[PDB]
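Q:
2 protein chains.
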Amino acid sequence: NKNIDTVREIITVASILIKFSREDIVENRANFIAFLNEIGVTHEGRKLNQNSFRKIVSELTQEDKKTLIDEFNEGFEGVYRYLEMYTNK
Amino acid sequence: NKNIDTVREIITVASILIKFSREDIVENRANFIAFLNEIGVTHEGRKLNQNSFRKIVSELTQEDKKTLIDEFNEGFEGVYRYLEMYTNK
């Protein structure tokens, strides 16, 4: 629906790669975007574009992030340092 | 939010698993539920249970399934064969 929904399922997904200890895929946004289209993570039901990716992950409000922090306590903490930093453009 | 939302992020995560050729996890609902508790797919802001898992996948409407067909073109073709057959109880 909005931005969080998509970040949400890419949080789980990239924590798979963290679970398997393949943080290298996570370590670059573009490689990861490609990876996104490949395994089929969509935004608003559409394919996920390079610019429109960066706006989803980065431009979130504090609210959206608190909502992730509340539901994905330990999970988002770690992987959201990773996801944030690797798309510090 | 609703059942579809749940299946949605769990879909992409299991296409990760078949990307890595780890269909052993996908091949049974229970192993998958365990893995759901691992990576942290939380449904209605709550922990995902064995019975509550089977509802999310099963009770979907034809419209909900068609919704995933339309939004997750490539992915739900593949993984939703797999996902559906392995939880025909």
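Protein chains in written order, with this note's numbering: chain A, 1357 to 1445; chain B, 1357 to 1445. For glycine and all other residues, C-beta sits at the position ideal for the given N, C-alpha and C.
#1: Measuring only between beta-carbons, confirm whether B/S1377 sits less than 8 Å from chain A.
#2: Could you compute how far the alpha carbon of A/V1413 sits from the alpha carbon of A/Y1436?
#3: What residues in the region 1425-1437 of chain B bring their beta carbon closer than 9 Å to a beta carbon of chain A?
#4: From this set, A/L1439, A/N1405, A/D1361 and A/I1372, which residue's C-alpha is nearest A/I1389's C-alpha?
#5: Within its chain, find whatever has a CB closer than 7 Å to the CB of B/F1391; leave out the 5 residues flanking it on each side and keep chain order.
#6: Going by beta-carbon coordinates alone, are B/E1365 and A/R1402 separated by less than 8 Å?
#7: Indicate the three-state DSSP secondary structure (helix, strand or coil) for B/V1397 in the structure shown.
A: The relevant details are as follows:
#1: Position 21 of the second sequence, counted from the start, is the residue given in the question as residue 1377 of chain B. Closer than 8 Å: no.
#2: Counted from its first residue, the first sequence places residue 1413 of chain A at position 57. Counted from its first residue, the first sequence places residue 1436 of chain A at position 80. Straight through space, the alpha carbons of A/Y1436 and A/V1413 are spaced by roughly 10 Å.
#3: Residues passing the 9 Å Cβ filter: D1426, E1427, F1428, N1429, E1430, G1431, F1432, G1434 and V1435.
#4: Translated into the one-based positions of the first sequence, residue 1389 of chain A becomes position 33. Selected option, being the one with the closest Cα: A/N1405.
#5: In the second sequence, residue 1391 of chain B corresponds to position 35, counting from 1. Excluding the 5 residues flanking it on each side, B/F1391 has same chain C-beta neighbours closer than 7 Å at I1381, in chain order.
#6: Walking along the second sequence from the start, residue 1365 of chain B turns up at place 9. Walking along the first sequence from the start, residue 1402 of chain A turns up at place 46. No, these two residues do not count as a Cβ contact at 8 Å.
#7: Along the second sequence, one-based indexing puts residue 1397 of chain B at 41. Coil, per DSSP.
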